[PDB]
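Reviewing the structure listed below.
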Amino acid sequence: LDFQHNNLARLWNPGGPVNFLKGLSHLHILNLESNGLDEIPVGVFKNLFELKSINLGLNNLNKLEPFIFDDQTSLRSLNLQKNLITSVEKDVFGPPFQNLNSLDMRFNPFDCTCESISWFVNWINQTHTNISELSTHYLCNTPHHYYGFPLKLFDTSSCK
RNA sequence: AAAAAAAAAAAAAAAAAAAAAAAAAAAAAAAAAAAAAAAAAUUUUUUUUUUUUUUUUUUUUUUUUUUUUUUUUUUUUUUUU
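Per the working numbering, the first sequence runs over residues 70 to 229.
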């Protein structure tokens, strides 16, 4: 399934959210790149056990609802590049990161803070997932002290 | 039955000024590409024309030695016409 350039922004709170992807057991790869998505409603990735790849790049996603990815235990490649993601919380990207093979969320305004990327930095340091251009296109945007700094070059020993 | 003033809801149509977006086209600025082309700085091949060194074949010329003939001017001596 591909939904590139289809402006699904407003389709996902007024008038009742659309419960798309209902019972798509055999769905392999879902692609909603550059659809202007702004907010992900809860309970939309359920029952997608056999899903393999997710591509949600070229969008504006900052509100990462907890437990959005629960049945995505078979995810092989997560694409979130060129988005507005600020924090990477464990409860959102946990199950998809259990057996992920490749990851791509470059060109994002990352927040180099203990509340945002500590879990992400620890996972990156403790995984073998293929992340292209990890040291180049993963610079943080805030605060000023950590602005323009590599994501991997962040010490999490002072926050736990 | 009908017409009107203040107070309250409003549904539809015709227009507009804004905000959040999204495809499409057209402009530029950077990373690459495939090429038909262009030089320049390092190797060397083939061919033509010519220089120098060296080894030898043919022809010609000079000199020295040896030798065979056509001519010889001499004959010391020998028998004589």
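The C-beta atom is built at its ideal place from N, Cα and C for all residues, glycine as well.
What is the DSSP secondary structure of residue i, reduced to helix, strand or coil?
i    : result
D107 : coil
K132 : strand
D180 : strand
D173 : strand
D160 : helix
Could you tell me the distance, in whole angstroms, from the CA atom of residue i to the CA atom of residue j?
i    : j    : result
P165 : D140 : 9 Å
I137 : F162 : 8 Å
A78  : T142 : 26 Å
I123 : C228 : 31 Å
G112 : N88  : 8 Å
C209 : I200 : 16 Å
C183 : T225 : 7 Å
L70  : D160 : 26 Å
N82  : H214 : 38 Å
Between which two residues does the alpha helix (DSSP H) harbouring residue i extend?
i    : result
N191 : 187 to 194
By the DSSP assignment, the beta strand (DSSP E) with residue i in it spans what residues?
i    : result
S122 : 122 to 124
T211 : 209 to 211
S94  : Neither: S94 is in no beta strand (DSSP E) and is coded neither H nor E.
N148 : 146 to 148
Could you name the residues of the same chain whose beta carbon sits closer than 8 Å to that of residue i, not counting the 5 residues immediately before and after it, in chain order?
i    : result
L117 : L90, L93, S94, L96, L99, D140, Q141
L106 : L77, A78, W81, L125, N128, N129, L130
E119 : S94, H95, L96, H97, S143
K121 : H97, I98, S143, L144, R145, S146
Spatial neighbours of residue i within its chain, please: C-beta separation below 6 Å, excluding the five flanking residues on both sides.
i    : result
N148 : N124, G126, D173
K132 : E108
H74  : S103
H206 : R175, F176
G217 : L208
Residues in its own chain within less than 7 Å of residue i by CB, not counting five upstream and five downstream?
i    : result
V157 : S185, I186, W188, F189
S204 : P219, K221
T196 : none
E202 : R175
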